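Q: Before I ask anything, let me first share the structure, which is written out below as structure tokens.
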Amino acid sequence: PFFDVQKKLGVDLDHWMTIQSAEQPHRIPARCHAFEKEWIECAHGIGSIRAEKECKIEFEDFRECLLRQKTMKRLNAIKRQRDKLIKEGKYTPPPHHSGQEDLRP
Amino acid sequence: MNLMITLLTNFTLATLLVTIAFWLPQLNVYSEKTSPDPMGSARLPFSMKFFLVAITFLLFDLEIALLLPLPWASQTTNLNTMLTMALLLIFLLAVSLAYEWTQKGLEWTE
Amino acid sequence: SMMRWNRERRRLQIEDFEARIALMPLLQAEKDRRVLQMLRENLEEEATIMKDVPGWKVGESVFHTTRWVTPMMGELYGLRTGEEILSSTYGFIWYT
Amino acid sequence: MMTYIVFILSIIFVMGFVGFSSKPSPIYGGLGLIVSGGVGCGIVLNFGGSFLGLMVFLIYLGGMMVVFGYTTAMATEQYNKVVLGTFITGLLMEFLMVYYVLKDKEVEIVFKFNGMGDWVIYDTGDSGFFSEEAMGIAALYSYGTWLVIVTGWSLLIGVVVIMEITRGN
Amino acid sequence: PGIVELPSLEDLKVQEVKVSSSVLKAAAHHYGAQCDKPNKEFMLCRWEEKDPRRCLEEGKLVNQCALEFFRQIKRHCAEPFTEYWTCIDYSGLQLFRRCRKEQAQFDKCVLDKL
Amino acid sequence: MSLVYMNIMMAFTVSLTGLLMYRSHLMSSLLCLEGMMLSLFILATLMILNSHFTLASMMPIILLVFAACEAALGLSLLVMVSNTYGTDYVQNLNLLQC
Amino acid sequence: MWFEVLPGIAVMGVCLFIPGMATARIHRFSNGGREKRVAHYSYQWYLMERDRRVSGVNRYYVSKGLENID
Amino acid sequence: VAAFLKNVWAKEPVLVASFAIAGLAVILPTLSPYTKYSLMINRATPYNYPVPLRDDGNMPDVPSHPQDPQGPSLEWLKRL
Amino acid sequence: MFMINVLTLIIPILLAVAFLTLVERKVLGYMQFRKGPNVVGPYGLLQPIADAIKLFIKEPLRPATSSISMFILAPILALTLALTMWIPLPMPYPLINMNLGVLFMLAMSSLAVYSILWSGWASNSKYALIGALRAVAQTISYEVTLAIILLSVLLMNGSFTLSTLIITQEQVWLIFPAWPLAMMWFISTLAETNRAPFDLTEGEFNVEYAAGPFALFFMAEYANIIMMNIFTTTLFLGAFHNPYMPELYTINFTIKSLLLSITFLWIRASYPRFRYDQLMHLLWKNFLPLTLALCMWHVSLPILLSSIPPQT
Amino acid sequence: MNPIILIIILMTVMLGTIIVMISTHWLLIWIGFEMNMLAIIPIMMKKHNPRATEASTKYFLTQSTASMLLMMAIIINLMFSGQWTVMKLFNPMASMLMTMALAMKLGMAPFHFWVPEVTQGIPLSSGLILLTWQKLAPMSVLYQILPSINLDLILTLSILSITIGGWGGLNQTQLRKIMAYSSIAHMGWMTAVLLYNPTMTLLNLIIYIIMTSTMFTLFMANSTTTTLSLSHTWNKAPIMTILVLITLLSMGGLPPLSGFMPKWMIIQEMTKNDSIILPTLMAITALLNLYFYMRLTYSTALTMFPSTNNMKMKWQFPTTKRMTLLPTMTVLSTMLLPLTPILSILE
Ligand SMILES: CCCCCCCCCCCCCCCCCC(=O)OC[C@H](COP(=O)([O-])OCC[N+](C)(C)C)OC(=O)CCCCCCCCCCCCCCCCC
Ligand SMILES: CCCCCCCCCCCCCCCCCC(=O)OC[C@H](COP(=O)(O)OCCN)OC(=O)CCCCCCCCCCCCCCCCC
Ligand SMILES: CCCCCCCCCCCCCCCCCC(=O)OC[C@H](COP(=O)(O)OCCN)OC(=O)CCCCCCCCCCCCCCCCC
Ligand SMILES: CCCCCCCCCCCCCCCCCC(=O)OC[C@H](COP(=O)(O)OCCN)OC(=O)CCCCCCCCCCCCCCCCC
Ligand SMILES: CCCCCCCCCCCCCCCCCC(=O)OC[C@H](COP(=O)(O)OCCN)OC(=O)CCCCCCCCCCCCCCCCC
Ligand SMILES: CCCCCCCCCCC1=C(C)C(=O)C(OC)=C(OC)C1=O
């Protein structure tokens, strides 16, 4: 039983806290506002059964924005290869990745 | 970082003073004291009233926790709704106090 | 007295906020050039590090879409020293 | 070491729960949950949640664990192998997790977890002249109307229920 | 997926506005009045493109129009401006309300000479 | 995912198994229950502060208040138990086996 | 008489005058003869870190004015 | 309504002051003429950036410069 | 350099607590038509030094503690919380300038009852435990009106920033819009620190501590007294602040806080003690209804006057 | 209890269940369960004896543990989905934890271990609320999360609930434990047809609530809590023996009665999905429930156990109890099978 009293009576009891793409105070965007807006506008109206297979790209984009697992795995690979080349002496860091370059602005 | 250093300094000063208080007069070689209370050995009687004032504290402190964002909530653009809900929270705290009154909850610690 | 003075304080707050608003285009342009500088530096150091690893695409987006994504803290300050890391990632929180 | 500090606090956090999940005595359990609340508050403070961490102090520790220690001090009249065994068991489980995720930079107990410090996942922008956390909590009175109604009604009913079930009549 | 395309380091070179935050805040309202047009071109480009790489050249115009703002202060009113941003610079919250006579001298000199 | 979530979830499961394996006391059980609530507070807080989802910042406070009220209820239940047997021992609560 | 309590109040008042005077002089000494920068908000921290980068001496408080532009 | 009020003010003046202050706090914002100015000041405080509009060709009331006459004015806030 | 600033905070706190004992004995002496100490030092100034040397070489009382660990931790927690209540205090600049210094102080004062509770349970006396439960219930009772009065006053401030509370009071003292909140605040902070007429720990919990640790509890309690008077001074009697001469603010708030601490000393030599139910009646049936009514008034009042203070 | 306070507390129970039913946010679901538990605790402690306090303590522990697992499932849903809609769950770990939490709230086996205790400890009216109204909100959440419910988990909980609630009541002489093990078996029947057709779940829930309300209303009318006290009914109120006869023959699923209606329809929606073994085993296991229903009808209606002398006094006082809806519920729980296609109103 989902007695949709809110849509029937036209009141907004809890839809505002439901998603990150909703109206936030002082127009603060979430860090994955665009990804969630794209996933919601993809998966709207077509049902969950169609939405699990027809909006997989937007949902993988949004999940990887949220958790950043592919990003952190890529950073793990870059940093670990960098540490191996430092340990082998095949590589040196640049001066701008050591703190001796007087940052931009 | 300055705050963590300050907390560590205050804890270290307190522990140093407590160690001096618990170990400087131990070096006194005074005397061994042979055979070192209104109730003799009876058990502690449970007071229902102390527990009642503690739970009344806890519930009104939860209502305080709801009231704590009000200096930030006065800055909103939806001020009629904000003012209504603020007066409604303080009114429900007052209704909690009135019900605690009239059902003899504030008795012998009034 | 509190009426007059809190009204004056609101006008002073609006003045400070419009000073901020007048400064936000320049700070936004410098911020954009700052993050693009750091991403180009990370890209070139990835190109000179990730030469041995088979099947690696340098600068490959982990996202499917080609829309710009705001850079993560580890994406920008990953290859740098821990002093710049701590200053960027807990500097404001630990400040006094 | 300092870039891992939240992680280090979180390790203390897990240790603190083994300080009372082994259940030595409810007063030592209360002390362990107080130290756990302090370090978990510090974890909340290090993502920028100052108001939420001060709710952990003012309401969880200074409000509620006061009442736990108060009620416990009115019981357990003042004067183990299983406790210390379970304590070292949970401690060795947690340090094996630490050792695995620090030697592999990846672990999977139930979910996959990264092994780098959690500073990496943060945002690189500013929030202007407001804390987003403070304004989202200030939003409780304008946007959060139904939530305030049901929370205040549940607290009023909580006062009524506590007075009913402790009266004995 | 695909390769992200970043601009080269030559595309990011520009004459940086290397002044402090009190120098910016003291000169803020005249910067918001006089450097209006390329700033609003840039910020409209920045909220419509939603991508800073598509907004670089307009930003250069910002970094072009800011410097001409300060040179035109330096050619005519460097001394009341310096006296004003020093008093702004003393304060911890950088209050305008502590610094009204220096603001009055700076606004009088800018309204006369510029 | 992030590494601090590992420790907050594992803390929740530690306090779960503490709340799911009683020793003697009902107070130690309520301590494990409120440790579970505390770990939920920390975990929801780190998510909401992570994703900058602004409106859910009032969410953990609510998660505090209700559940803290819940704790009050449990404490009163414990007191009624301690107003029958003199202790809060869970082995005295076996009158309902028959 | 009643002015006999005044040496103890004077000692206690000097002992309360020391912390505020000391933190004011330390905030002037550690920040280039000025107040400590209050950064309660992330915009204020953004400006303060921009000052740290534009000074060239890795210090936010060393200010750069019209002499730094051409 | 008259003897009862003097009786409760004689016996329990703390409660009478409580309900009087709470009653003024309820009713007086609905009767105050300055309640509207609170709304108008809180909506005129610019926390965000005033993101400009693309001039399509027909916006007669939107200014091109902040010092232009058209647009929202705050002379009521300066004067009061 | 910051460590020097922490030392110049915490060492003069200890010195002012040491000489507050002399000021208490002298002011209670002259209000009782006698003198206070004037033999041990010149004008009595060496009495706290003599008394500290006396207490630190007195025999340890050596109790049978229930828990050794909490018997150690209760003075440690009392002194640590007594010292950390000073670091957001703006005078005119705090040691730790934070955005939520008010709420920080309310939190660290809410944590102060664990020292009383652990010292009461760590003693084997059931009488000491009953006294500790009474003192904890008293303190957590008056923390309610501390929180609500403090919230109602900070509705005129705009934030929980203590440094903003000086900017708030540059045209008027905040006691003029909020004197009923001020007087209930003042009596509630008098009831926080177990101070007369609310001192039922002296009327017939840490009596099992030796002279050293009992002196540490005593000095933590007087550090709380000086601190709550300074916090009441900043909160209701905000002094003039010239930013180019901060010592004007420092001399001014020091004079006001000394007068307010002498006002605590002047209350304790004027009234008899409440019975325990009488100050419970004072909280729950007198202070808390007016506190809620004035909280409604100070919510609705900046809206009806258009005097809502700035967020920043 | 003060009757005004009783009305406010029952409205708060109903309010918490309605807040679960009508809300689209997960925090409001959790709030509805918290409000529901917090308000139902005094209904259990109404008579103030140690059995009610023990039952309320056990109920508090199980429902608090379920609420914590519910909030953990919600938090993992916010991890792996970034949002709060009460809909399908975007992680099998959060799906497993929420199915466990709702199984603990319903008392489905092997989390059934609080249902025969608490129902024994509390009065018949509070047990009526616990076995009828407190099944509404978790079945509503299970209605709305069923695209993410694991099949083997819900079917394991269902068959384990049916078998354990069948073998529970065979050893029982206390009527409230009989209704509790009947509750466990029927909740297994409701959740077994859940992922196939939730309309039949709703039909089983409505028919079970009608029959359980009929049986508790008869128990409150006759003031009997044991089998052997229910056996005195024929010498006092002979019509009530006929009513408990037809209602217990209904609850066993015997045609032509209405309690045959749900389980048959459940089989009617499970043989469509090519499950033949599972509804057969479920139907054969329901014979255990029907066996102890037949035991109760033998003790009450079909034989005459010996009564005592003082019963002759109770012949002189008619029933002054407000037997609310007892003819209506007695008719609806027996003679509703010719109206079987009415179930489309639940679609
Ligand atoms: C910050 C600087 C200091 C601030 C001032 C404080 C300094 C003075 C200290 C004096 C020594 C105090 C020693 C401890 C005393 C404790 C006992 C005590 O006083 O109990 C309090 C007493 C307690 O009551 P009681 O016990 O005296 O009276 C009997 C009470 N019954 C009947 C319940 C038994 O009074 C209060 O609670 C009053 C609190 C403050 C009231 C403020 C009211 C302000 C006016 C509001 C408006 C009124 C008009 C109506 C509306 C008009 C609208 C236009
Ligand atoms: C509508 C406005 C908002 C209202 C809600 C907000 C209130 C804010 C303040 C919080 C109050 C919380 C506590 C309320 C408890 C009320 C019940 C009560 O105290 O009754 C008992 C009392 C007599 O005291 P007694 O029981 O004898 O005490 C023993 C010691 N002698 O009985 C009495 O003293 C009689 C009390 C009832 C009559 C009070 C009348 C006051 C009228 C003031 C002027 C009009 C103000 C406008 C609002 C009127 C609302 C009725
Ligand atoms: C921030 C400021 C804080 C200030 C805190 C302290 C306030 C009070 C400061 C001290 C005021 C003066 C104290 C004088 C004490 C009495 C000294 C005296 O007269 O001692 C005499 C005694 C015997 O001498 P004898 O030679 O026998 O005399 C016979 C003469 N034919 O000889 C002796 O006893 C030996 C000499 C002992 C000297 C002790 C002096 C007092 C030390 C107190 C500690 C604090 C020091 C000051 C700190 C702040 C200033 C830097
Ligand atoms: C039984 C054990 C022993 C008992 C005695 C000792 C423990 C009890 C007494 C000490 C209590 C310590 C309290 C520590 C946290 C206090 C809250 C806090 O830090 O608030 C201040 C501030 C928030 O203000 P804000 O301005 O927003 O932050 C700056 C950015 N603008 O936030 C900040 O500035 C954040 C700074 C970075 C994060 C700091 C984290 C500190 C370390 C973790 C907590 C330490 C205490 C753990 C044990 C507590 C036991 C009660
Ligand atoms: C998709 C589905 C959505 C939801 C659909 C609707 C679901 C309906 C669930 C019904 C739950 C009923 C719960 C119990 C009734 C609530 C009120 C209550 O507590 O009544 C009992 C009350 C207590 O009286 P008391 O003084 O305690 O008596 C003790 C003896 N001296 O009074 C008594 O003891 C009096 C004795 C007779 C009471 C009979 C009450 C019958 C109530 C149930 C009617 C049938 C359900 C509605 C129709 C079917 C709908 C599915
Ligand atoms: C080393 C720093 C000081 C350590 C603490 C000792 C001095 C302060 C407390 C001593 C004290 C004084 C002066 C005192 O006067 C007094 O009586 C009212 C006490 O007992 C209740 C005391 O404990």
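By convention here, the chains of the structure tokens are called A, B, ... in the order presented, each chain's residues are numbered starting at 1, and ligands are numbered starting at 1 in the order presented.
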Could I get the residue neighbourhood of ligand 1 at 6 Å, counting only C-alpha atoms and all ligand atoms, as a list in words?

A: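 Based on only C-alpha atoms and all ligand atoms, ligand 1 is surrounded within 6 Å by residues 11, 12, 17, 20 and 21 of chain H; 180, 182, 183, 184, 186, 267, 282, 286 and 287 of chain I.
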
Q: Residues within 10 Å of ligand 2 (only C-alpha atoms and all ligand atoms), as JSON, numbers by chain?

A: {"B": [87, 88, 90, 91, 92, 93, 94, 95, 96, 97, 98, 99, 100, 101, 102, 104, 107, 110], "H": [1, 4, 5, 6, 7, 8, 9, 10, 11, 12, 13, 14, 15, 16, 17, 18, 19, 20, 21, 22, 23, 24, 25, 26, 27], "I": [281, 284, 285, 286, 287, 288, 289, 290, 291, 292, 293, 294, 295, 296, 297]}

Q: Choose the residue, out of E:3, E:35, E:99, E:77, that has the smallest atom-to-atom separation from chain I; count only C-alpha atoms.

A: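 Smallest separation from chain I among the options: E:99.
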
Q: As a ChimeraX atom specification, please: every protein or nucleic acid residue near ligand 4 (cut-off 7 Å, counting only C-alpha atoms and all ligand atoms).

A: /B:1,3-4,7,11 /C:92-96 /D:31,34-35,37-39,41-42,45-46,50,53-54 /G:39-41 /I:73,76-77,80-81,97-101,104,108

Q: Only N, CA, C and O atoms, please: the residues just picked out, written as a short mmCIF file (atom, residue, chain, number, x, y, z; two decimals), in the first residue's frame.

A:
```
data_model
loop_
_atom_site.label_atom_id
_atom_site.label_comp_id
_atom_site.auth_asym_id
_atom_site.auth_seq_id
_atom_site.Cartn_x
_atom_site.Cartn_y
_atom_site.Cartn_z
N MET B 1 44.05 22.52 13.92
CA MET B 1 45.38 22.08 14.32
C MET B 1 45.82 22.81 15.58
O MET B 1 46.36 22.20 16.49
N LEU B 3 43.66 24.02 17.60
CA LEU B 3 42.71 23.53 18.60
C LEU B 3 43.12 22.18 19.15
O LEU B 3 42.96 21.92 20.35
N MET B 4 43.64 21.29 18.30
CA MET B 4 44.10 19.99 18.78
C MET B 4 45.32 20.13 19.67
O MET B 4 45.44 19.43 20.69
N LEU B 7 43.90 21.45 23.04
CA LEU B 7 43.28 20.36 23.80
C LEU B 7 44.32 19.42 24.38
O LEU B 7 44.20 18.99 25.54
N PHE B 11 44.92 18.84 28.37
CA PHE B 11 44.89 17.49 28.93
C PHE B 11 46.22 17.13 29.58
O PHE B 11 46.24 16.48 30.62
N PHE C 92 41.15 24.94 5.78
CA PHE C 92 40.07 25.76 6.30
C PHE C 92 39.43 25.15 7.53
O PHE C 92 39.02 25.87 8.45
N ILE C 93 39.33 23.82 7.58
CA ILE C 93 38.73 23.16 8.72
C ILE C 93 39.61 23.30 9.96
O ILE C 93 39.13 23.59 11.06
N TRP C 94 40.92 23.17 9.79
CA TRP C 94 41.83 23.26 10.92
C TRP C 94 42.20 24.68 11.29
O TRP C 94 42.93 24.88 12.26
N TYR C 95 41.74 25.68 10.53
CA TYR C 95 42.18 27.05 10.76
C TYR C 95 41.44 27.62 11.96
O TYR C 95 40.32 28.14 11.84
N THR C 96 42.07 27.48 13.12
CA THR C 96 41.79 28.26 14.32
C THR C 96 40.37 28.10 14.86
O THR C 96 39.86 26.99 14.97
N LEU D 31 31.86 4.65 29.56
CA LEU D 31 33.11 5.37 29.30
C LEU D 31 33.64 5.11 27.89
O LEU D 31 34.10 6.03 27.20
N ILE D 34 31.55 7.03 25.48
CA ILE D 34 31.88 8.45 25.53
C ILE D 34 33.13 8.75 24.70
O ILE D 34 33.15 9.71 23.91
N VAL D 35 34.17 7.93 24.84
CA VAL D 35 35.39 8.14 24.06
C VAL D 35 35.12 7.90 22.57
O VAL D 35 35.63 8.63 21.70
N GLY D 37 32.18 8.46 21.10
CA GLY D 37 31.44 9.63 20.64
C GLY D 37 32.34 10.82 20.41
O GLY D 37 32.13 11.58 19.47
N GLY D 38 33.37 10.97 21.24
CA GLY D 38 34.33 12.05 21.04
C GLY D 38 35.12 11.90 19.75
O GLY D 38 35.26 12.86 18.98
N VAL D 39 35.62 10.69 19.48
CA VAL D 39 36.41 10.52 18.27
C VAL D 39 35.53 10.54 17.02
O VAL D 39 35.94 11.06 15.97
N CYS D 41 32.78 12.31 16.75
CA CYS D 41 32.60 13.74 16.61
C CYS D 41 33.76 14.39 15.87
O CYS D 41 33.53 15.23 15.00
N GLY D 42 35.00 14.02 16.22
CA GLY D 42 36.16 14.55 15.50
C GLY D 42 36.16 14.19 14.02
O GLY D 42 36.55 15.00 13.17
N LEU D 45 33.74 16.51 12.48
CA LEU D 45 34.35 17.83 12.40
C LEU D 45 35.32 17.94 11.24
O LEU D 45 35.48 19.02 10.66
N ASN D 46 35.97 16.84 10.87
CA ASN D 46 36.96 16.91 9.81
C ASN D 46 36.39 16.82 8.40
O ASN D 46 37.15 17.00 7.45
N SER D 50 30.70 21.05 11.72
CA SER D 50 30.96 21.53 13.07
C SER D 50 29.70 21.47 13.93
O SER D 50 29.77 21.07 15.10
N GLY D 53 28.87 17.82 14.86
CA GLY D 53 29.75 17.34 15.90
C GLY D 53 29.44 17.93 17.26
O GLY D 53 29.52 17.25 18.29
N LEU D 54 29.05 19.20 17.29
CA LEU D 54 28.63 19.77 18.56
C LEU D 54 27.25 19.28 18.99
O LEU D 54 26.91 19.42 20.17
N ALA G 39 38.84 33.78 9.25
CA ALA G 39 38.32 33.03 8.11
C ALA G 39 37.32 32.03 8.66
O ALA G 39 37.64 30.85 8.86
N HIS G 40 36.10 32.49 8.91
CA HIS G 40 35.03 31.61 9.35
C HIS G 40 34.35 30.92 8.19
O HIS G 40 33.71 29.89 8.39
N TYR G 41 34.49 31.47 7.00
CA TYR G 41 33.76 31.06 5.82
C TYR G 41 34.75 30.76 4.71
O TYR G 41 35.86 31.29 4.69
N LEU I 73 40.19 9.80 36.58
CA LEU I 73 39.71 10.58 35.44
C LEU I 73 38.83 11.75 35.83
O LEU I 73 38.74 12.71 35.06
N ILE I 76 40.89 14.82 36.21
CA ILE I 76 41.47 15.10 34.89
C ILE I 76 40.43 15.74 33.98
O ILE I 76 40.69 16.77 33.35
N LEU I 77 39.24 15.16 33.95
CA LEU I 77 38.16 15.69 33.13
C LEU I 77 37.69 17.04 33.63
O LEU I 77 37.40 17.94 32.83
N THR I 80 40.42 19.60 32.66
CA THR I 80 40.50 19.78 31.22
C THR I 80 39.32 20.57 30.69
O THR I 80 39.49 21.51 29.91
N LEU I 81 38.11 20.24 31.15
CA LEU I 81 36.95 21.01 30.75
C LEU I 81 36.94 22.39 31.39
O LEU I 81 36.36 23.31 30.82
N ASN I 97 39.62 31.20 17.69
CA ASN I 97 38.49 31.87 17.07
C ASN I 97 37.76 30.86 16.19
O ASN I 97 38.27 30.44 15.15
N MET I 98 36.57 30.48 16.61
CA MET I 98 35.79 29.49 15.90
C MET I 98 34.41 30.05 15.59
O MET I 98 33.94 30.99 16.22
N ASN I 99 33.76 29.44 14.60
CA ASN I 99 32.46 29.92 14.16
C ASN I 99 31.36 29.57 15.16
O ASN I 99 30.33 30.24 15.20
N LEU I 100 31.57 28.54 15.98
CA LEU I 100 30.53 28.07 16.89
C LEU I 100 31.03 28.03 18.32
O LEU I 100 30.88 27.01 19.00
N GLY I 101 31.63 29.13 18.79
CA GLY I 101 32.20 29.15 20.13
C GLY I 101 31.17 29.05 21.23
O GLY I 101 31.44 28.45 22.28
N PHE I 104 30.12 25.45 21.33
CA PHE I 104 31.27 24.75 21.90
C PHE I 104 31.31 24.87 23.42
O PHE I 104 31.58 23.89 24.12
N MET I 108 30.95 21.83 26.07
CA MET I 108 31.99 21.49 27.03
C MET I 108 31.54 21.75 28.47
O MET I 108 32.15 21.21 29.39
#
```

Q: Just want the 9 Å neighbourhood of residue 57 of chain B, counted on only C-alpha atoms, with same-chain residues fewer than 3 positions away dropped. Output as a list in words.

A: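 Everything that qualifies: residues 52, 53, 54, 60, 61 and 62 of chain B; 63 and 67 of chain D; 137, 140, 141, 143 and 144 of chain I.
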
Q: May I have the residues within 6 Å of ligand 3, computed using only C-alpha atoms and all ligand atoms, as a list in words?

A: residues 11 and 15 of chain G; 41 and 45 of chain I

Q: Can you pull out every residue with an atom within 8 Å of ligand 6? Use only C-alpha atoms and all ligand atoms and format it as a compact mmCIF listing (two decimals) with N, CA, C and O atoms, in the first residue's frame.

A:
```txt
# COMPACT_ATOMS: atom_id res chain seq x y z
N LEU B 17 49.10 17.84 36.72
CA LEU B 17 48.65 18.28 38.04
C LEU B 17 48.02 17.14 38.83
O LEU B 17 48.22 17.04 40.04
N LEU I 14 45.16 29.85 36.20
CA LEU I 14 45.49 29.21 37.47
C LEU I 14 45.84 30.24 38.54
O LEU I 14 45.45 30.09 39.70
N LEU I 15 46.53 31.31 38.14
CA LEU I 15 46.89 32.35 39.10
C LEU I 15 45.66 33.13 39.57
O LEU I 15 45.53 33.44 40.76
N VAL I 17 42.60 31.97 39.63
CA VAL I 17 41.85 31.06 40.48
C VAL I 17 42.48 31.00 41.87
O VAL I 17 41.77 30.97 42.89
N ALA I 18 43.81 31.01 41.93
CA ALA I 18 44.51 30.98 43.21
C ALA I 18 44.20 32.22 44.04
O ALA I 18 43.93 32.11 45.24
N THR I 21 40.46 32.77 45.61
CA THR I 21 40.21 32.23 46.94
C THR I 21 40.50 33.26 48.02
O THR I 21 39.74 33.40 48.99
N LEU I 22 41.58 34.02 47.85
CA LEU I 22 41.87 35.12 48.76
C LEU I 22 40.81 36.21 48.68
O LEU I 22 40.37 36.71 49.71
N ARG I 25 37.71 34.99 50.54
CA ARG I 25 37.82 35.03 51.99
C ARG I 25 37.85 36.46 52.51
O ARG I 25 37.23 36.75 53.54
N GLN I 47 48.41 33.92 51.52
CA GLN I 47 47.50 32.88 51.99
C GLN I 47 47.23 31.76 50.97
O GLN I 47 47.26 30.59 51.39
N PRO I 48 46.97 32.01 49.67
CA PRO I 48 46.77 30.86 48.77
C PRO I 48 48.03 30.06 48.51
O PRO I 48 47.94 28.84 48.31
N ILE I 49 49.20 30.70 48.54
CA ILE I 49 50.46 29.98 48.35
C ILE I 49 50.72 29.07 49.53
O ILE I 49 51.07 27.89 49.37
N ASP I 51 48.45 27.91 51.52
CA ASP I 51 47.43 26.88 51.55
C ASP I 51 47.68 25.80 50.50
O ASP I 51 47.43 24.62 50.77
N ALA I 52 48.21 26.17 49.34
CA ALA I 52 48.56 25.18 48.32
C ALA I 52 49.72 24.31 48.77
O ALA I 52 49.70 23.09 48.56
N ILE I 53 50.74 24.92 49.38
CA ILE I 53 51.86 24.14 49.91
C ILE I 53 51.39 23.25 51.05
O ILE I 53 51.84 22.10 51.19
N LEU I 55 48.30 21.90 51.34
CA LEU I 55 47.50 20.80 50.82
C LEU I 55 48.34 19.78 50.07
O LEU I 55 48.04 18.59 50.12
N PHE I 56 49.40 20.22 49.39
CA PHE I 56 50.17 19.25 48.62
C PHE I 56 51.13 18.42 49.47
O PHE I 56 51.70 17.46 48.94
N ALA I 211 43.80 15.71 49.60
CA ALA I 211 43.84 17.17 49.61
C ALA I 211 44.29 17.74 48.27
O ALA I 211 43.79 18.78 47.83
N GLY I 212 45.23 17.06 47.61
CA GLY I 212 45.63 17.39 46.26
C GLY I 212 44.51 17.36 45.23
O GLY I 212 44.20 18.38 44.60
N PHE I 214 41.25 17.05 45.74
CA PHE I 214 40.14 17.91 46.14
C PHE I 214 40.46 19.37 45.86
O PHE I 214 39.57 20.14 45.49
N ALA I 215 41.73 19.76 46.00
CA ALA I 215 42.14 21.10 45.60
C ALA I 215 42.04 21.28 44.09
O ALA I 215 41.73 22.38 43.63
N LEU I 216 42.27 20.22 43.33
CA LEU I 216 42.12 20.31 41.88
C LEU I 216 40.66 20.46 41.45
O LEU I 216 40.36 21.24 40.54
N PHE I 218 38.44 21.86 43.37
CA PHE I 218 38.11 23.19 43.86
C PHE I 218 38.58 24.27 42.90
O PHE I 218 37.84 25.22 42.61
N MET I 219 39.78 24.10 42.34
CA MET I 219 40.28 25.10 41.42
C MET I 219 39.63 24.99 40.05
O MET I 219 39.48 26.00 39.36
```
